[PDB]
Amino acid sequence: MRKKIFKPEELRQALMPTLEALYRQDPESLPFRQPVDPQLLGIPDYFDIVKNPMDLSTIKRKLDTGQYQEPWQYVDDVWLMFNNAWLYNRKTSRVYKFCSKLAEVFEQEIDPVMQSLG
Ligand SMILES: COc1ccc2c(c1)N(CCC/C=C/c1cc(C(=O)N3CCOCC3)cc3c1N[C@H](C)CC(=O)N3)CCC2
């Protein structure tokens, strides 16, 4: 119940490999690498449906700038990114299928890391 203290440099070192695993997926990571601009992309309802957008570059910036206090907050951001994509996109779309592949990759990477951090 009393939270152990995680130093930001320890979270960055431990969790960065799991984020690198996502980024290295090609073609599957491409639509997830940067924040979206709905007006430029032609999806103007995106922020109506997706209340809390999330993307790989934003997660990397949060690790780089010490914005997570505990590892589950990082896991929550990765899964927010996944859940937003499964909510917004149709099941036949590239983004939807790519999201499913990233979730498979992430599940394998994150488990031993979460065990090691405690
Ligand atoms: C869109 O899929 C691909 C697949 C491969 C490659 C793509 C794009 N690009 C452009 C990358 C940037 C694209 C992002 C992105 C774009 C659209 C989008 O404007 N749409 C309208 C018509 O097309 C389908 C949907 C939707 C979504 C998008 N992503 C985030 C997760 C928000 C979302 O939930 N959905 C680079 C080369 C490889």
Side-chain angles (χ1 to χ4, degrees), residues 1 6-39 41-69 71-89 91-107 109-118:
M1 283 182 128
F6 298 89
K7 297 176 188 88
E9 61 275 18
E10 296 172 327
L11 292 182
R12 181 177 195 267
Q13 189 189 27
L15 295 169
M16 199 66 79
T18 74
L19 195 65
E20 299 281 2
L22 297 186
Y23 188 90
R24 76 165 61 91
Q25 300 312 301
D26 186 317
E28 295 90 352
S29 74
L30 277 285
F32 297 93
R33 281 179 179 191
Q34 287 296 318
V36 292
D37 182 334
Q39 269 302 128
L41 289 172
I43 52 169
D45 60 348
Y46 183 76
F47 294 151
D48 302 345
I49 291 166
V50 175
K51 303 304 185 186
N52 297 112
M54 189 50 57
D55 67 276
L56 295 174
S57 74
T58 298
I59 299 169
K60 181 177 193 288
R61 180 79 174 183
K62 293 179 70 176
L63 287 171
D64 287 345
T65 63
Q67 294 300 295
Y68 297 118
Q69 304 90 59
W72 265 97
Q73 292 172 322
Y74 165 82
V75 177
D76 288 349
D77 274 348
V78 175
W79 270 82
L80 173 60
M81 183 183 74
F82 296 158
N83 280 320
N84 289 342
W86 287 321
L87 168 66
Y88 185 73
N89 302 273
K91 277 57 164 122
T92 54
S93 68
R94 293 172 295 168
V95 170
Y96 194 104
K97 289 171 169 290
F98 290 0
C99 182
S100 292
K101 176 64 175 309
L102 298 184
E104 178 190 278
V105 170
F106 188 67
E107 163 186 283
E109 285 275 332
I110 194 61
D111 176 51
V113 173
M114 294 297 284
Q115 294 188 25
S116 66
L117 288 168

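Indexing begins at 1, ligand by ligand and atom by atom, following the structure's order. Every heavy atom of this structure was used, including side-chain atoms; hydrogens, water molecules and symmetry mates were not. Note that the numbering runs from 1 along the sequence shown for the chain.
- Only the side chain of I43 comes within 4.0 Å of ligand 1, counting heavy atoms alone; its backbone N, CA, C and O stay farther away.
- With a 4.5 Å cut-off on side-chain heavy atoms, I43 and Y88 count as touching.
- For the pair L22 and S29, the minimum side-chain heavy-atom distance is 4.5 Å or more.
- Residues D111 and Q115 have side chains that bring a donor and an acceptor to within less than 3.5 angstrom of each other.
- Counting the atoms of ligand 1 from 1 in the order shown, those under 4.0 Å from a heavy atom of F98 are 4 (C), 5 (C).
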Checklist line | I49 and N84: CA distance, side-chain angles, deciding distance, side chain to side chain contact (heavy atoms under 4.5 Å, CB included) verdict | finding: CA-CA 9 Å; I49 291 166; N84 289 342; over 6 Å; no
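- At least one N or O atom of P31, backbone or side chain, sits closer than 3.5 Å to an N or O atom of ligand 1.
- The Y46 neighbourhood of ligand 1 comprises atoms 32 (C), 33 (C), 34 (O), with distances under 4.0 Å to a heavy atom of that residue.
- No N or O atom of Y88 sits closer than 3.5 Å to an N or O atom of ligand 1.
- Nearest residue to atom 19 (O) of ligand 1 from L56, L30, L41, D26 is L41 (criterion: closest heavy atom).
- A heavy-atom distance below 4.5 Å is found between the side chains of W79 and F106.
- Distances below 4.0 Å separate heavy atoms of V36 from the following atoms of ligand 1: 30 (C), 32 (C).
- By the criterion of a heavy-atom distance under 4.0 Å, neither the backbone nor the side chain of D55 is placed next to ligand 1.
- Between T58 and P35, some side-chain heavy-atom pair lies under the 4.5 Å cut-off.
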